[PDB]
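In what follows, a single structure is set out as C-alpha cells and then discussed.
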Amino acid sequence: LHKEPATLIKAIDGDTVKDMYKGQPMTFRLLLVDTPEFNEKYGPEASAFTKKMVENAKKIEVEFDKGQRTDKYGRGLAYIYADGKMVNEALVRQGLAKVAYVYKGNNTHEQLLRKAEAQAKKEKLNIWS
Ligand SMILES: Cc1cn([C@H]2C[C@H](OP(=O)(O)O)[C@@H](COP(=O)(O)O)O2)c(=O)[nH]c1=O
Ligand SMILES: [Ca+2]
C-alpha cells in the first residue's frame, strides 16, 4: 500500500470526510471501521474527533487498499492519515469506532485495528463504557 496526497474539503462525520483527491472532490468512507451516526450515542464525539484530527493536520493522505476503491454509493474507500497518523486506527483506539465492514481483499490493516480495539475495550473507553 502507499499514501497519496489529498486536501481536506470538509469533515462530514466520524467515519466520512470530503477530500479533494487527484484534483476532484470526493467523499471518503474510512475502511474497516464504523462510527455511530451523529444521532446516536458517541456519534457527536466521533464526528468531533475526526473533524479535529483532519482540520488540524498540515498534511492529509489517502491510502487505498488492494481491492474495491469505491463503494456502491460512489464513496472512496481508504485509510486516511493526518500528519502520518491513521484516523481509522485512532478512532478505534479511542473507542469511538468499532472494527467493522471487514471485506476480503480490502483488509490490509485489520489486525492493527483489532489490536487497537482490544486496548480500547480493556480501557473501557467511550463505546466500551
Ligand atoms: C466501510 C464500507 C461500507 N460499505 C457499505 C456497506 C453498507 O451498505 P448499506 O448502506 O447497504 O448498509 C454501508 C455502510 O456505510 P455507513 O456506515 O457509512 O452507513 O456502506 C462498503 O460497501 N464497503 C466498505 O468498505
Ligand atoms: Ca457509520
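Mind the numbering: the sequence shown is residues 7 to 43, 50 to 141 in the authors' numbering, read in order.
For every residue, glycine included, the Cβ atom is placed at its ideal position computed from N, Cα and C.
Under the 10 Å beta carbon count, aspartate 77 is surrounded by 16 or more other beta carbons and is classified as buried. Relative to ligand 1, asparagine 51 has its C-beta separated by 7 Å or more from all heavy atoms. Within the segment 53–99, the runs of alpha helix (DSSP H) at least 4 residues long that lie entirely inside it are, in chain order, 55–68.
Between ligand 2 and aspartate 25, a heavy atom-to-CB distance of less than 7 Å is absent.
With respect to the 8 Å criterion, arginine 126 and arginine 87 are not classified as neighbours on the basis of their beta carbons. Among the bridge pairs identified by DSSP, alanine 17 is matched with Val23. The C-beta distance from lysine 110 to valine 39 rounds to 7 Å, short enough to meet the 8 Å contact threshold. When the beta-carbon positions are compared, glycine 20 and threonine 41 come within less than 8 Å of each other. In the three-state DSSP reduction, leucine 36 falls in the strand class (E or B). For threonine 62 against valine 114, the beta-carbon gap comes to about 20 Å, at or over 8 Å, which does not count as contact.
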